[PDB]
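Chemist: sequence first, structure after, both from an experimental entry:
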Amino acid sequence: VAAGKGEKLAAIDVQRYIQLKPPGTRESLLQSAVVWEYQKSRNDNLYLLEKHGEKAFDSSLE
Amino acid sequence: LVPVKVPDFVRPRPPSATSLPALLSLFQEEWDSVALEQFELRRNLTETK
Amino acid sequence: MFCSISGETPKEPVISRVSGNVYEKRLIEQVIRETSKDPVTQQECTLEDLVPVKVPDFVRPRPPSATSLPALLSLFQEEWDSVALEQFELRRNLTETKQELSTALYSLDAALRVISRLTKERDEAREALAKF
Amino acid sequence: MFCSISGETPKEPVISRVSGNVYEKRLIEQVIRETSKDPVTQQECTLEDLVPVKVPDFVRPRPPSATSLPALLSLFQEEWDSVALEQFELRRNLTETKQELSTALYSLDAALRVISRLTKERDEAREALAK
Amino acid sequence: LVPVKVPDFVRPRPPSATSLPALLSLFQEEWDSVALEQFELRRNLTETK
Amino acid sequence: XXXXXXXXXXXXXXXXXXXXXXXXXXXXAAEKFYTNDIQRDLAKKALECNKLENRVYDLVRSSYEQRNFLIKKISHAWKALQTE
């Protein structure tokens, strides 16, 4: 933590999921299947937010 | 100790909330903000002395 | 945000140290002067035992948000604990399908031996009768 | 040792009294809040029915290693990346085992129609043999 | 009495080193120290001021 | 025409279960169909996401500003607190 702050460099995260590529290989077959499950989790994660909608936000604003 | 009760606290999870930003962008910023603050806070304690 | 005795928004909140609950000072003070007790649990409480709500001390806080590291970690519990139940929906439904497949393939394996004998017997009856 | 819902080692296990099964307190509560039932036996069970079991000793912390902390960030990334595919692969296999099961049911009922015509050809033969 | 082991429709994961749920538990345990450190550092900060 | 029959069906069901876990482990022609299945999802889901986002954003960017401009007030209400 002290080395990260002194050097002024944040540790690199997984820059993989966003880009990917069609006709890849067994490696991109995994990377593709990752994008589906997280996209389904995403679309389920946006459903439970919109159900309540702005009521849950303005309750925290109070 | 005595546990207390309240009407519970609510945080609105952002509109662009997925496993992806929460793993990558949000968690990265949290350990940046912890790192560069305490280092800067250690710098503030040194000058006070 | 509320006072538990009245139900109003308390303008001077003081938290008790026997039943942890935020009461309005002016309301709870009268409750103590009536009888030295906490209104909820009926445990003994005096006015000095009650304590006003305060800024912690010298560490500065920020409001409860999605960014905050602890709120983000309790979020990832919700993610996994929900996905763990998603696995049960497919483990339990798999144990019904494979159990129905096992009895289906057994009824298929028990029946196709009878199709093989009737194809023998009906052709043998045609082989026998046509020759006579 | 294992809660029969998630697969974790339970940190506050609770046992159901309708069916002998140690669940985790968080997961069993969500199921009861969805529908008042037991996940294994489907018997009518409630939240007050649960008896919190005690397991003080078994708790054993993982000490990954001296391991660099920036690397532990990428481990947790890989482990979520792996569990996402280990959940995906287990669901498409369930859909295709049910799909291949449905292909057997058509052949099962199609075969017992073909036996009815074969029994007629045997019945027609037994009449001709008698004559 | 409820007898015998429980594992059924669960799959066995012997308390694994490279698993997942305990990684988040470990992430909490290290943060728990981060907060305790920031407190004692701030006390001396303001108390010196 | 159809104890010992129950065990022979349980053993064969475990054999087909091992063959189903073996056909799944090898895969993880076929790869192009999964990528196109995702392109349908990416299309269908992200269009729903962008609709859900922009509907939320329209209502919640206002409530964000409301909530975020209130947070900046704690940062000044604290900073004056210490000087006093």
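Modeler: Nice, thanks for sending it over. Residues are numbered from 1 along each chain as shown, chains lettered A, B, ... in the order given.
Chemist: show me the contacts for the closest residue to residue B:48 other than its chain neighbours.
Modeler: Of all residues not flanking residue B:48 in the chain, residue E:48 sits nearest, at 4.5 Å (CB to CB, 6 or more residues apart in numbering or on different chains). In this view, the C-beta of every residue, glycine as well, is placed from N, C-alpha and C. By CB atoms under 8 Å, 6 or more residues apart in numbering or on different chains, the contact set of residue E:48 is B:45, B:48-49.
Chemist: what is the longest helix along chain F packed up against?
Modeler: Longest helix of chain F, by residue count under DSSP state H: helix F:30-83. Where contact means 3 or more CB pairs under 8 Å, 6 or more residues apart in numbering or on different chains; DSSP states H and E, helix F:30-83 is packed against helix A:26-45, helix A:47-52, helix A:55-61.
Chemist: going along the chain, name the strands of chain B.
Modeler: Assigned strands in chain B, in chain order: B:4-5 (criterion: DSSP state E).
Chemist: how many neighbours does the residue of it found nearest chain A have?
Modeler: For chain B and chain A, the shortest gap (CB to the nearest CB) falls at residue B:39, measuring 3.3 Å. For residue B:39, the tally of surrounding residues (other CB atoms under 10 Å in any protein chain shown) stands at 16.
Chemist: hmm, it is touching residue A:5, no?
Modeler: Yes - at 3.3 Å, residue B:39 counts as touching residue A:5 under the criterion of CB atoms under 8 Å.
Chemist: if I look at residue F:42, how far off is chain D?
Modeler: 16 Å (CB to the nearest CB, to the nearest Å).
Chemist: chain neighbours aside, what residue packs nearest to that residue?
Modeler: residue A:39 (6.5 Å).
Chemist: what residue is smack in the middle of the chain?
Modeler: Answering for chain A, as no chain was given. Central residue of chain A (CA atoms, centre = their mean): residue A:38, 7.6 Å from the mean position.
Chemist: can you look at chain B instead?
Modeler: Geometric middle of chain B (CA atoms, centre = their mean) lands on residue B:30, at 5.3 Å.
Chemist: quick one, what contacts whichever residue of chain B sits closest to chain D?
Modeler: Here the residue of chain B nearest chain D is residue B:23; by CB to the nearest CB that distance is 6.1 Å. By CB under 8 Å, 6+ apart, the residues touching residue B:23 are A:13-14, D:76-77, D:80.
Chemist: switch the cut-off to 6 Å
Modeler: Contacts for residue B:23 (CB atoms under 6 Å, 6 or more residues apart in numbering or on different chains) come out as none.
Chemist: picking up where we left off before, OK, contacts around the residue nearest to the centre of chain A?
Modeler: Taking CB under 6 Å, 6+ apart as the test, what residue A:38 contacts is residue B:19.
Chemist: quick check: it vs residue D:79, distance?
Modeler: Note on residue A:38: its distance to residue D:79, by CB to CB, to the nearest Å, is 14 Å.
Chemist: what of residue A:26?
Modeler: 20 Å.
Chemist: helices of chain B, residue ranges please.
Modeler: B:19-23, B:25-48.
Chemist: of these, flag the one that's most buried.
Modeler: Counting by mean count of other CB atoms under 10 Å in any protein chain shown, helix B:19-23 has the highest mean neighbour count of the helices of chain B, with a mean of 19.
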